[PDB]
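Please read the structure below before turning to the comments.
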There are 2 protein chains.
Amino acid sequence: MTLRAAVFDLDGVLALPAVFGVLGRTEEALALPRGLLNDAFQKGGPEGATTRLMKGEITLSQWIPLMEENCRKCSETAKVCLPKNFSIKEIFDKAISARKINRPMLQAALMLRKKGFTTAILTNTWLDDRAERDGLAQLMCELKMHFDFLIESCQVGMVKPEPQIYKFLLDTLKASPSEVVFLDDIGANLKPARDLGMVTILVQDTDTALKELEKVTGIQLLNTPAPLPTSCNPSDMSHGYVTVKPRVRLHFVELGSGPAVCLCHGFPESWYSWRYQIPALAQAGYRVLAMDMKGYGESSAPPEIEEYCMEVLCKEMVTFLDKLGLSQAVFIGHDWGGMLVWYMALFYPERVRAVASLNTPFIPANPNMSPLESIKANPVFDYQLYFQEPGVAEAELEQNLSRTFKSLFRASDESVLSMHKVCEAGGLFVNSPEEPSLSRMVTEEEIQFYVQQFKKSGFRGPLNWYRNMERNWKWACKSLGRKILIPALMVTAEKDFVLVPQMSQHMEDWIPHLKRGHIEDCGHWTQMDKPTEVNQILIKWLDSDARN
Amino acid sequence: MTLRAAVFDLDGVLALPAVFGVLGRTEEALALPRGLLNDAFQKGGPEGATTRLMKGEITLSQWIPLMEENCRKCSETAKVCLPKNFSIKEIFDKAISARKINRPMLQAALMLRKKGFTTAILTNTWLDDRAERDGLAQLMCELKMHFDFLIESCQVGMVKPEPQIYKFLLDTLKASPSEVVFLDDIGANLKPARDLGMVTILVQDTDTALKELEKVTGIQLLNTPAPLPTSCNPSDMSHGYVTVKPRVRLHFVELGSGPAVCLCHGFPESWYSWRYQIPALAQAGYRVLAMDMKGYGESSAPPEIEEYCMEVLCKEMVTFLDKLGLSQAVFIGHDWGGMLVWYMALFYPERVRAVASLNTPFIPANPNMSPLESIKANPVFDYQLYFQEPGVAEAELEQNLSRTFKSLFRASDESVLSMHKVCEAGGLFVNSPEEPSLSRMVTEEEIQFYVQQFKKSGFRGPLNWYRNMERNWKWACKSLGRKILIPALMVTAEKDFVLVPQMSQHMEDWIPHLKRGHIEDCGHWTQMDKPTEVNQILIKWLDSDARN
Ligand SMILES: Cc1cc(C)c(S(=O)(=O)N2CCC(C(=O)NC3CCCCCC3)CC2)c(C)c1
Ligand SMILES: Cc1cc(C)c(S(=O)(=O)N2CCC(C(=O)NC3CCCCCC3)CC2)c(C)c1
Ligand SMILES: [Mg+2]
Ligand SMILES: [Mg+2]
């Protein structure tokens, strides 16, 4: 055979503690006759309560009392009597919520898909109408985004040992029997797959099943390296648009429910720079609002410089909350977004549930010295002087959009840009390659997404964030007597050689309850460089500080 | 004078229990020297802790301990000692949350705006960084959407008796002193308004203040009738877009935070048909997702009939939840939307937190009789036979979009359409007016919004919802053994002469825990006919059943 499709059972394969493993444990726990609960569950066979449930003829809450019945009649003819407060509902609630995603099996499914396989879930399951049904809904949700097809018995009206369901499977997959693998924890469910000619795998322990699937598929599945978190396909996201002013519309991508978390990218980036965290934080119980900041992507990019001072940027973000009907949001920002997010904490604390910045420290304005001098004080900020003169940086950055982003988006050990003496050399790329190699951090496709976005407005808007140093300074000086006393996290990146960790060292003087995070071996593009640890740090901090 | 601007103080005018009325009560409660708490609050005058707070130099949490200090020093030189567990923080938390919107004053502000006035709030307030700051944030949010300007002392760095702030007020309003009224509970704040020439009103009891504002403005404010709920301006809403299929994008308008409530309009309507409930439910603590259903507005309208059978409509709504990262939503629908929403409960109960329909009852398919006969059984459903032949209803409904909607959208006592014998007469409008009068229920502007929307795709898509009777019937027959056991509400409209209340009378046979609502004097367009009672019924049911 030559396989191009993988089908996975749910209970017992993609989801562990199998629910028959609660049927079984409960018998022992209560010292019931062996298999009594499993007798009652299968009573009637093809035309019994359970098959009707699995076929979607009745709902789970309809089925509970039919099963209680069968536990009575099996408890009559098996010659016992049930314990006084015996509750089938309670046994299944525990079983159902005890069940979790079998992560190695999901990873194996991912890998196969990644290498061109069509994947599907085939499961005997039920229309769940219990009060506590959201648990399983969530689980099914997380799973289904990773597969081409989810085939539920109660949705198709067919059940799983019936040959007809495998005919439906094959037709859904557009495959010949011998082109597909099918893993299931039950022998009887595999026999029919075999008769059409499908490869099959009895799934007992996960590891051995994968070994078989490795052999039969010829792709490394077990022991393979730690994989990146789920990314976003732009065209599958919910896109949102809010006018904040007559000529200014802000765009964002939205995913998940619960407390609002507003993500704010830096220069020269995009909502897409959060691609690795949007799914993770949604999964962690949050409503992510990933912005195209003003000047970028599908947000408006008005040409005037002062449209990008921190004060009008912040007010607009308040209007954004206003129009969305949000009293507050958690504000997490990187680079320029990080700066803005501190200023939202200082100027609109009532609207900020919590504040977090990646890389960008909070340094207060020096009310004596001008910032245009402070920026000459540090050689590594020379590039910001090159950004001042409208037009010059635009022409360089916009003449080869692919080159610009390939050159910028690199890990700390892949540098092709000497940040010092950029005014002298006369360009950010003066002695850098015309066709740079692709970084480890980004696929050609991902880069081209940025290229696509910057073809809308280019770099005027984005560069203007650097062109209000004096105005931002005057504004910031109004906050010099305040402190940030709302919940706040600072995340430093070891090998960000411009927004260096030591710049953050006095931040607790103004943010006394500041919580920190630090990431080893992480360059300036924190999110796409160390997505796993970023997700881990933020989710930890969100749950402890932005919640309860 | 001739006024065209009204300015309202917040504390004591737009918001009641004034916070000085907690300062005062607390002194009495604890038997402290009269005014001690108010001495400590104003200690230092123009350069005291409180003025610095009001000017935004320090935050509220910075101010608490400075005020505790002043309560100590006033408690020294006034010759007493404070009670053992005296907490300034606790006194203000209670005061701040005890304060609510003064509804009659807000109504008066509304009215004035409605009649052309520019309105503004001018308030001495603070950067609020308390743990419990969301309370006040919410309040400020509800208020500010109803005014042209919110001027906060701590935002502008000026405070309210200082003449400079009134210069800023006047400049913000683009008005001459004598063109503006200003109401405040404090005498000193009015003197400066007077010196520039402003009309002023010392606000003691609300009713008398309004009487003065009635006299000075010449518009009836007090005792005026019960006003409609807040509506939506389309261009101020957050618009959202989700691709559910290659050729099908669904659009919706989104407002509020908390549990997801998905609103589903009927035929031939729009997200805009929920204009009266979107704000109310957001305010009640919900995240409203008001759909353009498939076939309408900015949602895709594919021409094929079968793209509109209930089964593909429901699946698409699941994908909509999937892509948005929502495990569940509360589903509330009207007319056709109502039908779909029951079928979401029957086929995807795990995804439906709760279900509610306006007007549309749940009747199960008769598995013997064909629906195309059942629809001939009732003379009032004759119009549905007229909708069957593709093209005929389209030409009539699309030839004068304004006439179509003016003719349709009418209250029960304004009927211009005989629903019976539409096939016979050969048209829904055969003997109806070319230029109908405007209903009580809709402004010319509101109608034109529908006209604008239907110019995109017209009526093919919308009419196709009626063109899958046989297909919907076959599908529905699969549910004949199920019951709806999730939380469910049915709202009947007395004078809907087609979706009549008596059609609902057996619904508890399949929905045993069904909760009901009934609206007197309400026609078919429930939402725009009786918005107040609809909002009241849904919010009540949401809080008791879709929540905790
Ligand atoms: C070696 C090197 C690496 C990198 C990433 C760049 S960069 O692409 O131009 N770059 C882009 C973003 C830049 C940046 O603007 N950083 C922050 C902005 C927030 C306020 C505080 C001032 C500085 C920092 C680094 C440069 C110029 C050199
Ligand atoms: C007197 C009169 C009043 C009204 C509102 C109309 S109507 O505009 O055509 N109209 C539009 C919507 C229509 C309607 O489609 N109602 C429901 C749809 C859900 C499934 C059950 C079948 C019937 C009901 C009433 C008609 C034709 C006559
Ligand atoms: Mg299984
Ligand atoms: Mg006042």
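Atoms within a ligand are numbered from 1 in the order they appear, just like the ligands themselves. The figures that follow rest on heavy atoms only: side chains count, while hydrogens, waters and symmetry mates do not. Lettering of chains follows the sequences in order, A, B, ..., and the numbering in each one begins at 1.
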- [ ] Answer yes or no for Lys376(A) and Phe381(A): cation-pi contact, defined as NZ/CZ to six-membered ring centre under 6.0 Å and angle to ring axis within 45°.
- [x]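 Geometry flag: not set, cation outside 6.0 Å or 45°.
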Open item on the list: Tell me the contacting part of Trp525(A) for ligand 1: side chain, backbone, both, or neither, using a 4.0 Å heavy-atom threshold, strictly below.
Closed with: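 Answer for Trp525(A): side chain.
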- [ ] Pick whichever of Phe267(B), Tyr466(B), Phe497(B), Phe387(B) has a heavy atom sitting closest to atom 15 (O) of ligand 2.
- [x]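 It is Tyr466(B) that holds the nearest heavy atom.
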TODO: Return the option from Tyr383(B), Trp342(B), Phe381(B) holding the heavy atom at the smallest distance from atom 13 (C) of ligand 2.
DONE: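 The residue whose heavy atom sits nearest atom 13 (C) of ligand 2 is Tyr383(B).
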- [ ] Check whether the ring centres of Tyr450(B) and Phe409(B) lie less than 6.0 Å apart, and answer yes or no.
- [x]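 Yes, the ring of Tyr450(B) comes within the 6.0 Å limit of the ring of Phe409(B), centre to centre.
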Task: Electrostatic pair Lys495(A)-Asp521(A), nearest N-O below 4.0 angstrom - done: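 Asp521(A) and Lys495(A): salt-bridged.
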Task: ligand 2-proximal atoms of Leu428(B), by part, heavy-atom distance under 4.0 Å - done: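 Only the side chain of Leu428(B) comes within reach of ligand 2.
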[X] atom (N/O/S) at minimal separation from the Mg ion (ligand 3):
{"X": "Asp185(A)", "answer": "OD1"}
{"X": "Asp11(A)", "answer": "O"}
{"X": "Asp9(A)", "answer": "OD2"}

Open item on the list: Has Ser479(B) got a side-chain atom pairing as donor or acceptor with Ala476(B)'s backbone, closer than 3.5 angstrom?
Closed with: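 Checked: pair present.
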TODO: Please check if the side chain of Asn468(A) supplies one atom and the backbone of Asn464(A) the other of a donor-acceptor pair under 3.5 Å.
DONE: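 Pair found, side chain donor or acceptor close to backbone of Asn464(A).
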Open item on the list: Under 4.0 Å from a heavy atom of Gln384(A): which atoms of ligand 1 are those, numbered in the order shown and with their elements?
Closed with: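 Every atom of ligand 1 under 4.0 Å from some heavy atom of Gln384(A): 22 (C), 23 (C).
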Task: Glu470(B)-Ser370(B) side chain donor-acceptor pair, cut-off 3.5 Å - done: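 Yes, side-chain donor-acceptor contact under 3.5 Å.
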